[PDB]
Amino acid sequence: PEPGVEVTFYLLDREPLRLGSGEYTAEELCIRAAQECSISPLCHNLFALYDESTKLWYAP
């Protein structure tokens, strides 16, 4: 609805990430999310981004 970027998490205990302006790559956002979800660096390799409305996974 409202303009902007909203990266959601399946854990309701964590606030969804918000962005307003800038240029970013997928890996940077993945790292930022992993910091919020307290994922160890050894296991962040298994995670990525996905879009429900388009059924497409972003490249790294």
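Residues numbered from 1 in each chain as written, not as in the entry; some residues may be left out. Part of a larger assembly, values for the part shown. Heavy atoms only, no water. Residues with missing side-chain atoms left out of burial classes, pairs and counts.

Student: Before we go on, may I ask you to explain the pattern of salt bridges in this structure?
Tutor: A side chain with one charge may pair with a side chain of the opposite charge, provided their charged atoms come close. One pass over the full model with this rule turns up two salt bridges. Salt-bridge contacts for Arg-14 lead to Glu-36; the nearest nitrogen and oxygen are separated by 3.5 Å. With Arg-14 in the loop between β1 (5-7) and β2 (17-19) and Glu-36 in helix α1 (residues 26-37), this pair connects stretches of sequence that are 22 residues apart. We classify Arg-14 as partly exposed; its relative accessible area is 33%. With relative accessibility at 36%, the residue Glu-36 sits in the partly exposed group. Between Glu-28 and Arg-32 there is a salt bridge, and its shortest N-O distance comes to 3.5 Å. With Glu-28 and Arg-32 both in helix α1 and four residues apart, the pair spans about one turn of that helix. Taking relative accessible area as the criterion, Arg-32 reaches 31% and is therefore assigned partly exposed. (Salt bridge = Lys/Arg side-chain N within 4 Å of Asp/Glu carboxyl O. Helix = DSSP H or I, 4+ residues; strand = E, 2+ residues; numbered from the N terminus. Buried < 20%, exposed > 50% of the residue type's maximum accessible area, 1.4 Å probe, protein only.)

Student: Teacher, can you tell me more about α1 here?
Tutor: Helical geometry note: an α-helix holds 3.6 residues per turn, so side chains three or four residues apart project in the same direction. Over its twelve residues, α1 extends 16 Å from the first C-alpha to the last, a length consistent with the 16 Å expected when each residue adds 1.5 Å. All of the buried residues in α1 are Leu-29, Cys-30, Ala-33 and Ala-34. Buried residues along α1 cover an arc of 140 degrees about the axis, so they all sit on one side. In the core, the buried residues of α1 are packed alongside β2. Backbone geometry just downstream of α1 places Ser-38 in the positive-phi region, at approximately 60 degrees. (Expected span 1.5 Å × (residues − 1). Arc of directions from axis to C-beta. Contact = heavy atoms within 4.5 Å.)

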